[PDB]
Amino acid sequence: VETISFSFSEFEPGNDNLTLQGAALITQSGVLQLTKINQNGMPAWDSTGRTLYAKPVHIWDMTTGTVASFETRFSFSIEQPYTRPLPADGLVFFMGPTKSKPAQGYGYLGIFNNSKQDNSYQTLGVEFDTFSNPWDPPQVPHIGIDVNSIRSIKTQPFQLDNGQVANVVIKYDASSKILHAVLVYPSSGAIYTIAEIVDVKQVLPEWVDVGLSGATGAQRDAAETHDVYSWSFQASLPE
């Protein structure tokens, strides 16, 4: 039984348990700002940032065929300061190949390079998409389950509570192969739920890096904040 877990009630600058990539930065106030925020306090466009836990996770074993069950919880806030242009692009929790570097930003959220469903990506993600690309459903924002593609296999529209903290819970039961995610806004009491069957043995490599990635838009001011306040994770491999 290989178990791994971590819990950050807040982030500390200089911490060596997190790998910051791109624009990602931990403020002195303990907040993880995935995307860049200017001197004037406004979110910068054309920005991509990621944060990966410093240790790889054993998600499944090819020898025994066993797969781990896991759960992650995190709180974030997205603030959209401008009426026009439309804000973009969103943030995502993901699992993929170890030692990875940021991919394409914008609508690809820093984890994909195109809009193809390619098995070589070996990536599983739960997105919180704020901009409707041609591969997206018309409603934004939306939660989406991404399996080797930015074209979600399942989406769930939600209403953004501008600048309010949202609580997220993502759980994966290896026995039933169900990936269930929940988004709750304590401010308004709104609850959103989404679930889909995902066999990680068909998607991910045995060892993966777990992280959070965020991206702002491809044009001036098509931006918003992607702030994370806490993040915990736990995985248990019967093997």
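Heads up: residue numbers just count along the shown sequence, starting at 1.
Relative to its counterpart among 94-102 and 120-128, 94-102 has the higher mean temperature factor, C-alpha atoms as listed in the PDB entry.
224-232 and 6-14 differ in mean CA B-factor, and the higher of the two is recorded for 6-14.
Per the PDB record, 174 has a higher Cα B-factor than any other of 174, 197, 182, 212.
Per-chain ranking of the deposited C-alpha B factor places residue 138 in the highest third.
Residue 35: CA B factor lies in the lowest third for its chain, per the PDB record. Ranked by Cα temperature factor within the chain, residue 191 sits in the lowest third according to the deposited record.
Among all modelled residues in this chain, the alpha-carbon of residue 205 has a temperature factor (C-alpha) in the middle third. The PDB entry assigns residue 82 a C-alpha temperature factor belonging to the highest third of its chain's modelled residues.
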